[PDB]
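There is one chain below, alone, in structure tokens, taken in the form deposited in one PDB entry.
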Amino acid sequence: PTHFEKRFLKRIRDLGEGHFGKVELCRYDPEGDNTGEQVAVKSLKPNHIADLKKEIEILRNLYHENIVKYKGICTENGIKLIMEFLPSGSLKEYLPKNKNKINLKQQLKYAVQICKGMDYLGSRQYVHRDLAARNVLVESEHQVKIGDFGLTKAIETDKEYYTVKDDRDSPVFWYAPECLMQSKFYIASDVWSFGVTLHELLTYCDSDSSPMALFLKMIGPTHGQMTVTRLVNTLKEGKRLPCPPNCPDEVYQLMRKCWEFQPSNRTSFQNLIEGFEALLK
């Protein structure tokens, strides 16, 4: 029922890569009549296996309207994560093709959807650690879902954060100062990355208005080594990504709330929900 044979997992096209993971469009066709359903299959990049095995345990224990649905596993030593395929892709591929279709009312509805999904993650005691628009999938012009949990970690009961040990290649331009300074990840660290994802959403994911592109015009040339140190100084000086063009005061003021230096001063995901919903008539 929840098992998927590798032989029936017919490879169609690549969907996204990482550094220890890759995602493909496959059709699970055990009848062989080409009538099976299209699925997304996450597997290891040619270890690292227990990392994906821990991701399976997380997505299996997740059931929400705004979280990509778990379908099952394909075992080989190796293992694959089988989920629902969302043909529109992520916001990164969707938004630049729909600048005319997606208005402020719609982006606000995506914000609510990203927040409800994130809040449900917070309730299950997890920290996402990779909240970016590239990981927010479009189900329709009305529905979005969180599509990757590759750096998601469980917060120890009664503890407020998770401390990352290794952290080989994390999205530093989406990171709060606690993460950059102490390798500590709170639910409030996820809030900050939402603010950044929101900025991307408001800029229709315009490539040259991305957090990386903009922060490197405030920091300048740096390379891997110094990137984080200069990033911390910028944020220490109160500097933040500016209000996107056409963004109203009310929305940017909710975005600024995610970006309070101290984890304890930042807004919650439930407050963002109520906050955005109040702007939707």
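Rigid core (definition): largest C-alpha set, two forms, superposition within 1.5 Å. Sequential numbering from 1, following the sequence displayed. Only residues modelled in both forms are compared.
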* Look at the other compared PDB entries that model both sides of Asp167, then say whether a third or more of them leave it out. => no
* Among the other PDB entries compared that flank it on both sides, is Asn47 unmodelled in a third or more? -> yes
* Asked: In this entry, is the chain continuous from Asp208 to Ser209, or are deposited residues missing in between (none, 1 to 3, 4 to 9, 10 or more)?
  -> none
* Structure fact -> Quick note on 228 to 236 and 213 to 221: per-entry mean CA temperature factor is higher in 213 to 221
* Structure fact -> Entry B factor averaged over C-alpha atoms, 99 to 107 against 130 to 138: higher for 99 to 107
* Asked: Which one of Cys74, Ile187, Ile114, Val172 shows the biggest C-alpha B-factor in the PDB entry?
  -> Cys74
* Asked: Highest Cα B-factor in the PDB entry belongs to which of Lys92, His199, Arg168, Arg124?
  -> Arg168
* To do: Relative to the other modelled residues of the same chain, rank the CA B-factor of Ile67 and answer lowest, middle or highest third.
  => lowest
* CA B-factor ranking of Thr157, expressed as a third of its chain -> highest
* Asked: C-alpha B factor of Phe269, ranked within the chain: lowest, middle or highest third?
  -> lowest
* Asked: Among the chain's modelled residues, which third holds the C-alpha B-factor of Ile56?
  -> middle
* To do: Using the B-factors in the PDB entry, rank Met83's C-alpha atom against the chain and give the third, lowest, middle or highest.
  => lowest
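The form deposited in another entry is left out here; the points below concern that form.
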* Would you mind telling me which residue of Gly32, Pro242, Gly238, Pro248 shifts its Cα by 2 Å or more between the shown form and the other one when the core is superposed? => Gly32
* Asked: With both forms fit on the core, has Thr229 moved 2 Å or more by CA between the shown form and the other one?
  -> no
* To do: Would you please work out which stretches of at least three consecutive shared residues show Cα displacements of 2 Å or more throughout between the shown form and the other one, after fitting on the rigid core?
  => 31 to 36, 221 to 224
